[PDB]
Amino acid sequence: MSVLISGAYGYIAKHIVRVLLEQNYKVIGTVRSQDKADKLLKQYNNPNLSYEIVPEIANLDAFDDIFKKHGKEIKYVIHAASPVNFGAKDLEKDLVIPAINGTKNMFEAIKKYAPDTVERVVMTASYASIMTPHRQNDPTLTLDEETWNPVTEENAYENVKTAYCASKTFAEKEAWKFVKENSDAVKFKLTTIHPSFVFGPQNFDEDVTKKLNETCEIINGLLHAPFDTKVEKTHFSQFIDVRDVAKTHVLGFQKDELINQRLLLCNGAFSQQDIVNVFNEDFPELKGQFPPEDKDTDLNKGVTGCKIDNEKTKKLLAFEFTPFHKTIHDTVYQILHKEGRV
């Protein structure tokens, strides 16, 4: 009854671990270095948490050692290890190759040393593998759990955005491809999770550094921005609270009803200005120390870009997602409070 979570130092994966432990599960995280396999254990301070070193997921057979060792004992797997880099220079090396090869390694590992044992896999695909990047501002497009990013190998490296989305997309295709080809040879049942822009507070207060993980850095940067910086008030994308994501991943391997599902996690359209208004609304005493409040935003006009039909998702999961106002507030409070401003 053990749970392997890959990429366990991750913003999201650290909430997943929190939840796994809350429910008294034996967790095996994977991390890049020993440096980090130490930092985490001290934070969690839990006898059920163990770690295995996987420095590079793209490398040959990257997960085979974990399954020689802990082979008999891993029943559920949460593959959450994929690169997230918005400034990546080597697009194939930095994004696509690890996304794909990391996933083939994880899966081919489960084929080789634990075909019969591993009951469930929960993969962290993305809103990126469902949306059409360049058509986010097109309200005639509706996205649901059967929608795919039509990006092809040939036009995927247009820029860094189209690259990291393609990476999530192609990795996913490989997963499903795998499942269909080997459904007779391996027992596990795949479930993929598709979060949009994940915001929310860092699982540990100490992890509030000068520069956060990629998506929360959006908020962090804005909060420390000089007063008269230009803030984009046009619609940007969808969000979903990290806490909602965590819960969802664990449910992923628990509930029978979530087998073979693509779970689409959005809960609100937002702009940069819409985030900045939460600064000014919830912490009025700090007016002047970040950009100002402006209501005329695409959100308040009623402009939300493309439509999200995630009703099947919401029904299946059962729980209510966290409102934007809460998610931004909690993210912000944690930082300002760590800094001693409130």
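Don't overthink the numbering: it's just position in the shown sequence, from 1.
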request  = With reference to the PDB entry, specify whether the mean Cα temperature factor is higher for 238 to 246 or for 173 to 181.
outcome  = 173 to 181
remark   = Quick note on 319 to 327 and 10 to 18: per-entry mean CA temperature factor is higher in 319 to 327
task = Among the candidates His194, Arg135, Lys75, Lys189, give the one with the maximum CA B-factor reported in the record.
result = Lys75
inquiry  = Sorting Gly268, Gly252, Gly200, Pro226 by Cα temperature factor from the record, which one lands on top?
reply    = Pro226
task = Tell me, lowest, middle or highest third: where does the Cα B factor of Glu92 rank within its chain?
result = highest
remark   = The third of the chain into which the C-alpha temperature factor of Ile5 falls is the lowest
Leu263 - Cα temperature factor, lowest/middle/highest third of chain = lowest
message = Splitting the chain's C-alpha B-factors into thirds, which one does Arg32 fall into?
response = middle
query = Considering only modelled residues of the same chain, in which third does the CA B-factor of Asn155 rank: lowest, middle or highest?
reply = highest
